[PDB]
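Take a look at this single chain, the form deposited in one PDB entry, given in structure tokens.
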């Protein structure tokens, strides 16, 4: 006989995986296949799901087309079901490290690039069963999962081709420890000391982030987590953003959109050592999906837009400031 059964080393060699991944693989091997067997939806079923997850039509096409088969793509399928398992074993547990497995090298199929979209879609039924136990409204569960689409989109924007390399982040959605309430996202978290809180994150990135929308989400966070996760019992929300950078105040008066947002926040860090530019790349991403062109090519169509580039011209840099906001 010539057949080889799929194991850590076979899988690691089949897909062009680096030496380092070995440990991870062994660990997945010691973890079973999932007790509920993994299955990808297919055809219309899949296209509907992907559409419900706001994945752009082009990528949805490619995704369904490269969808792995248990018999045809035996390495991929071994890694799929074990990666799925490594995620659901930690359902509800926000303490567990956000480990969604490595990216596959891109010279395997399109299938390799979309591997973690497969993980995601394979995990949807389970997390939604969890949503249901926790009494969470469907509308909210779905809204939360939607971000897959944005992430797929982002990947295409940032490189020539489809994909989704933010699998560490999607463990949050998939573990049922992250929820989108209105315009904003909240995640269960405890500090290094045991103190329970929420992480506040901004999905869509770039788009219409309005004070009233922002206010609305903040007013939902607490009753929501009290209702569905009593215990934990957070009362504040932590977060870092260029938005919290006081330097903005040098250009923008107190009624500017961003400054109103910043007001919600109690800063806790201090200005960083001179010439830090930790804010540069995300402020630029948010304000004009960038890309890389010369600064004076960029549009100047708002106070904010004019302020972002005036500051970089005067050779200064944007910072990434941190703080909390006491939840209503």
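Numbering follows the first chain given and starts at 1. Just so we're on the same page, rigid core means the largest C-alpha set that superposes within 1.5 Å between forms.
Quick note: we don't show the form deposited with a small molecule bound, though the next part is all about it.
Among residues of the shown chain, residue 52 is not one whose heavy atoms approach the small molecule to within 4.5 Å in the bound PDB entry.
When the small molecule is considered in the bound PDB entry, residue 289 lines it closely, a heavy atom lying within 4.5 Å. Contact annotation: residue 78 falls outside 4.5 Å of the small molecule in the bound PDB entry, judged by heavy atom distances.
Contact check for residue 144: every heavy atom lies farther than 4.5 Å from the small molecule in the bound PDB entry.
Per the 4.5 Å heavy atom criterion, the small molecule in the bound PDB entry is contacted by stretch 205-213, the sole one of 102-110, 115-123, 133-141, 205-213. 239 is the sole member of 149, 74, 239, 162 with a non-hydrogen atom lying within 4.5 angstroms of the small molecule in the bound PDB entry.
Distance criterion of 4.5 Å from any heavy atom to the small molecule in the bound PDB entry singles out 243 from the list 91, 243, 181, 153. Taken together, 247, 293 and 319 are entirely out of contact with the small molecule in the bound PDB entry: none brings a heavy atom within 4.5 Å. Following superposition on the rigid core between this form and the one not shown, the residue from 242, 78, 118, 179 with a C-alpha displacement of 2 angstroms or more is 242, and no other. Once both forms are overlaid on the rigid core, the distance between the two CA positions of residue 57 between this form and the one not shown is under 2 angstroms. Core-aligned CA deviation for residue 24 between this form and the one not shown: less than 2 Å. Annotation for residue 269: C-alpha shift of 2 angstroms or more between this form and the one not shown, rigid core superposed. One change in the bound PDB entry concerns residue 286 and residue 212, whose Cα atoms lie at least 3 Å farther apart than in this form. In the bound PDB entry, the Cα-Cα separation between residue 155 and residue 296 shrinks by 3 Å or more relative to the displayed conformation.
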